[PDB]
Amino acid sequence: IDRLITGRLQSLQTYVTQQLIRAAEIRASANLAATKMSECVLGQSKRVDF
Amino acid sequence: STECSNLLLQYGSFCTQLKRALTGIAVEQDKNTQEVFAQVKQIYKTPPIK
């Protein structure tokens with residue numbers, strides 16, 4: 001039971017760490033999308049290729 | 001070693017997700033280089049007069 005508990009805890013910790021990294025990436029994309037909604041939809045942008 | 005491989009098979013799929021993570025990083029590096037440098041459609045050239 002100790003062996004199985006250690007293995008399942010290691011796998012679940014790996015899942016939580018991967019979810020945290022993906023959450024950071026998704027938060028960066030959502031910040032970019034919020035900037036685009038504030039600057040393209042609500043105004044006219046002079047930034048090139050934006 | 002065959003005995004180490006037989007014991008490593010019992011741990012499940014840690015190595016598959018490690019390989020998937022490294023493959024994702026290796027694809028993302030080329031995506032970074034392509035999205036930074038390849039922003040031009042045609043390869044321009046300067047005239048022979050300098």
# chains A, B, ... in the order shown; residues from 1 in each chain; ligands from 1

call {"tool": "select_by_dssp", "arguments": {"residues": "chain B", "states": "helix (DSSP H, G or I)", "output": "number ranges by chain"}}
result
B: 2-11, 14-37

call {"tool": "write_last_selection", "arguments": {"atoms": "C-alpha atoms", "output": "mmCIF file, in the first residue's frame"}}
result
data_model
loop_
_atom_site.group_PDB
_atom_site.id
_atom_site.type_symbol
_atom_site.label_atom_id
_atom_site.label_comp_id
_atom_site.auth_asym_id
_atom_site.auth_seq_id
_atom_site.Cartn_x
_atom_site.Cartn_y
_atom_site.Cartn_z
ATOM 1 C CA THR B 2 16.859 -6.385 -19.792
ATOM 2 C CA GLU B 3 16.055 -6.785 -16.076
ATOM 3 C CA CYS B 4 16.022 -3.014 -15.540
ATOM 4 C CA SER B 5 13.723 -2.646 -18.562
ATOM 5 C CA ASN B 6 11.377 -5.307 -17.166
ATOM 6 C CA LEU B 7 11.221 -3.462 -13.845
ATOM 7 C CA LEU B 8 10.841 -0.089 -15.609
ATOM 8 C CA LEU B 9 7.800 -1.395 -17.502
ATOM 9 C CA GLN B 10 5.954 -1.719 -14.165
ATOM 10 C CA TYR B 11 5.959 2.041 -13.532
ATOM 11 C CA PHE B 14 6.017 8.234 -17.028
ATOM 12 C CA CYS B 15 8.405 8.026 -19.972
ATOM 13 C CA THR B 16 5.705 8.547 -22.603
ATOM 14 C CA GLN B 17 4.603 11.845 -21.063
ATOM 15 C CA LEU B 18 8.230 12.922 -20.545
ATOM 16 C CA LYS B 19 8.855 12.244 -24.250
ATOM 17 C CA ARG B 20 5.639 14.096 -25.153
ATOM 18 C CA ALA B 21 6.736 17.131 -23.112
ATOM 19 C CA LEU B 22 10.184 17.181 -24.731
ATOM 20 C CA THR B 23 8.649 16.817 -28.210
ATOM 21 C CA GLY B 24 6.295 19.713 -27.460
ATOM 22 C CA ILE B 25 9.220 21.908 -26.379
ATOM 23 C CA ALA B 26 11.207 20.931 -29.494
ATOM 24 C CA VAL B 27 8.284 21.801 -31.792
ATOM 25 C CA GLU B 28 7.666 25.078 -29.917
ATOM 26 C CA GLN B 29 11.282 26.227 -30.447
ATOM 27 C CA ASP B 30 10.935 26.006 -34.239
ATOM 28 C CA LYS B 31 7.532 27.695 -33.956
ATOM 29 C CA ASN B 32 9.254 30.557 -32.089
ATOM 30 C CA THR B 33 11.941 30.933 -34.764
ATOM 31 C CA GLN B 34 9.402 30.814 -37.613
ATOM 32 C CA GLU B 35 7.034 33.321 -36.006
ATOM 33 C CA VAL B 36 9.866 35.749 -35.230
ATOM 34 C CA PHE B 37 11.872 35.679 -38.456
#

call {"tool": "closest_atom_pairs", "arguments": {"of": "chain A", "to": "chain B", "cutoff": "12 Å", "atoms": "only C-alpha atoms", "output": "Markdown table"}}
result
| residue | atom | partner | partner_atom | distance |
| --- | --- | --- | --- | --- |
| A:3 | CA | B:11 | CA | 10.9 |
| A:4 | CA | B:11 | CA | 10.3 |
| A:6 | CA | B:11 | CA | 11.4 |
| A:7 | CA | B:11 | CA | 8.0 |
| A:8 | CA | B:11 | CA | 10.4 |
| A:10 | CA | B:14 | CA | 9.9 |
| A:11 | CA | B:14 | CA | 8.0 |
| A:12 | CA | B:14 | CA | 11.5 |
| A:14 | CA | B:14 | CA | 9.3 |
| A:15 | CA | B:17 | CA | 10.2 |
| A:18 | CA | B:21 | CA | 9.5 |
| A:21 | CA | B:21 | CA | 11.5 |
| A:22 | CA | B:21 | CA | 11.7 |
| A:49 | CA | B:39 | CA | 9.7 |

call {"tool": "write_last_selection", "arguments": {"atoms": "N, CA and C atoms", "output": "PDB file, in the first residue's frame"}}
result
ATOM      1  N   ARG A   3       3.877   1.484  -1.346  1.00  0.00           N
ATOM      2  CA  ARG A   3       4.401   1.601  -2.710  1.00  0.00           C
ATOM      3  C   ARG A   3       3.371   2.198  -3.669  1.00  0.00           C
ATOM      4  N   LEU A   4       2.121   1.730  -3.584  1.00  0.00           N
ATOM      5  CA  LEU A   4       1.072   2.243  -4.465  1.00  0.00           C
ATOM      6  C   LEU A   4       0.724   3.695  -4.149  1.00  0.00           C
ATOM      7  N   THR A   6       2.800   5.981  -2.870  1.00  0.00           N
ATOM      8  CA  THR A   6       3.891   6.806  -3.384  1.00  0.00           C
ATOM      9  C   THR A   6       3.804   6.979  -4.897  1.00  0.00           C
ATOM     10  N   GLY A   7       3.480   5.901  -5.620  1.00  0.00           N
ATOM     11  CA  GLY A   7       3.336   6.009  -7.067  1.00  0.00           C
ATOM     12  C   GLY A   7       2.186   6.903  -7.504  1.00  0.00           C
ATOM     13  N   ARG A   8       1.021   6.753  -6.862  1.00  0.00           N
ATOM     14  CA  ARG A   8      -0.132   7.570  -7.223  1.00  0.00           C
ATOM     15  C   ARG A   8       0.065   9.032  -6.842  1.00  0.00           C
ATOM     16  N   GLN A  10       3.013  10.554  -6.818  1.00  0.00           N
ATOM     17  CA  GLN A  10       3.944  11.084  -7.813  1.00  0.00           C
ATOM     18  C   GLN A  10       3.238  11.419  -9.125  1.00  0.00           C
ATOM     19  N   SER A  11       2.340  10.535  -9.581  1.00  0.00           N
ATOM     20  CA  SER A  11       1.610  10.795 -10.822  1.00  0.00           C
ATOM     21  C   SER A  11       0.669  11.988 -10.685  1.00  0.00           C
ATOM     22  N   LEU A  12       0.017  12.119  -9.529  1.00  0.00           N
ATOM     23  CA  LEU A  12      -0.914  13.223  -9.329  1.00  0.00           C
ATOM     24  C   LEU A  12      -0.180  14.557  -9.197  1.00  0.00           C
ATOM     25  N   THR A  14       2.662  15.200 -10.766  1.00  0.00           N
ATOM     26  CA  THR A  14       3.032  15.507 -12.148  1.00  0.00           C
ATOM     27  C   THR A  14       1.872  16.139 -12.912  1.00  0.00           C
ATOM     28  N   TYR A  15       0.657  15.616 -12.707  1.00  0.00           N
ATOM     29  CA  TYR A  15      -0.531  16.191 -13.338  1.00  0.00           C
ATOM     30  C   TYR A  15      -0.780  17.626 -12.883  1.00  0.00           C
ATOM     31  N   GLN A  18       1.844  20.025 -14.460  1.00  0.00           N
ATOM     32  CA  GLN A  18       1.545  20.282 -15.867  1.00  0.00           C
ATOM     33  C   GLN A  18       0.337  21.200 -16.027  1.00  0.00           C
ATOM     34  N   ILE A  21       1.514  24.819 -15.355  1.00  0.00           N
ATOM     35  CA  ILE A  21       2.236  25.393 -16.494  1.00  0.00           C
ATOM     36  C   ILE A  21       1.273  25.754 -17.631  1.00  0.00           C
ATOM     37  N   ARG A  22       0.310  24.868 -17.921  1.00  0.00           N
ATOM     38  CA  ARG A  22      -0.697  25.167 -18.936  1.00  0.00           C
ATOM     39  C   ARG A  22      -1.586  26.338 -18.535  1.00  0.00           C
ATOM     40  N   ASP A  49       1.017  45.294 -37.753  1.00  0.00           N
ATOM     41  CA  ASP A  49       0.743  43.855 -37.684  1.00  0.00           C
ATOM     42  C   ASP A  49      -0.010  43.445 -36.423  1.00  0.00           C
TER      43      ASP A  49
END

call {"tool": "atom_distance", "arguments": {"atom1": "atom CA of residue 40 of chain B", "atom2": "atom CA of residue 48 of chain A"}}
result
13.5 Å

call {"tool": "atom_distance", "arguments": {"atom1": "atom CA of residue 29 of chain A", "atom2": "atom CA of residue 41 of chain A"}}
result
17.0 Å

call {"tool": "atom_distance", "arguments": {"atom1": "atom CA of residue 42 of chain A", "atom2": "atom CA of residue 24 of chain A"}}
result
26.2 Å

call {"tool": "decode", "arguments": {"residues": "segment 28-49 of chain A", "atoms": "N, CA and C atoms", "output": "CSV table (one decimal), in the first residue's frame"}}
result
chain,number,residue,atom,x,y,z
A,28,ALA,N,-1.5,33.9,-20.2
A,28,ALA,CA,-0.8,34.8,-21.1
A,28,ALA,C,-1.6,35.0,-22.4
A,29,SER,N,-2.2,34.0,-22.9
A,29,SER,CA,-3.0,34.1,-24.1
A,29,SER,C,-4.3,34.9,-23.8
A,30,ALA,N,-4.9,34.8,-22.6
A,30,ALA,CA,-6.1,35.5,-22.2
A,30,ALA,C,-5.7,37.0,-22.0
A,31,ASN,N,-4.6,37.3,-21.5
A,31,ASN,CA,-4.1,38.7,-21.3
A,31,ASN,C,-3.9,39.3,-22.7
A,32,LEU,N,-3.4,38.6,-23.7
A,32,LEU,CA,-3.2,39.1,-25.0
A,32,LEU,C,-4.6,39.3,-25.7
A,33,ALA,N,-5.5,38.4,-25.4
A,33,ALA,CA,-6.9,38.6,-26.0
A,33,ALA,C,-7.6,39.7,-25.4
A,34,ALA,N,-7.4,40.0,-24.1
A,34,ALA,CA,-8.0,41.1,-23.4
A,34,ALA,C,-7.5,42.4,-24.0
A,35,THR,N,-6.1,42.5,-24.2
A,35,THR,CA,-5.5,43.6,-24.8
A,35,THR,C,-6.0,43.9,-26.2
A,36,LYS,N,-6.2,42.8,-27.0
A,36,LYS,CA,-6.8,43.0,-28.4
A,36,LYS,C,-8.2,43.4,-28.3
A,37,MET,N,-9.0,43.0,-27.4
A,37,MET,CA,-10.4,43.4,-27.3
A,37,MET,C,-10.5,44.9,-26.8
A,38,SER,N,-9.5,45.3,-26.0
A,38,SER,CA,-9.5,46.7,-25.5
A,38,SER,C,-9.0,47.6,-26.6
A,39,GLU,N,-8.1,47.2,-27.5
A,39,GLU,CA,-7.4,48.1,-28.4
A,39,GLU,C,-7.9,47.9,-29.9
A,40,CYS,N,-8.4,46.8,-30.3
A,40,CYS,CA,-8.9,46.6,-31.7
A,40,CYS,C,-10.4,46.9,-31.8
A,41,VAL,N,-11.2,46.3,-30.9
A,41,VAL,CA,-12.6,46.4,-31.0
A,41,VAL,C,-13.0,47.8,-30.5
A,42,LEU,N,-12.4,48.3,-29.4
A,42,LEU,CA,-12.9,49.5,-28.8
A,42,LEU,C,-12.2,50.8,-29.3
A,43,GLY,N,-11.3,50.6,-30.3
A,43,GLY,CA,-10.7,51.8,-30.9
A,43,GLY,C,-10.0,51.4,-32.2
A,44,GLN,N,-9.1,52.3,-32.7
A,44,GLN,CA,-8.3,52.1,-33.9
A,44,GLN,C,-6.9,52.1,-33.5
A,45,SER,N,-6.1,51.0,-33.9
A,45,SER,CA,-4.8,50.8,-33.5
A,45,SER,C,-3.8,51.2,-34.6
A,46,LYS,N,-2.8,51.9,-34.2
A,46,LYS,CA,-1.7,52.3,-35.1
A,46,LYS,C,-0.5,51.4,-35.0
A,47,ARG,N,-0.6,50.3,-34.2
A,47,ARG,CA,0.5,49.3,-34.1
A,47,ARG,C,0.5,48.4,-35.4
A,48,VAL,N,1.7,48.3,-36.0
A,48,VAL,CA,1.8,47.5,-37.2
A,48,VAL,C,1.8,46.0,-36.9
A,49,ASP,N,1.0,45.3,-37.8
A,49,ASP,CA,0.7,43.9,-37.7
A,49,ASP,C,0.0,43.4,-36.4
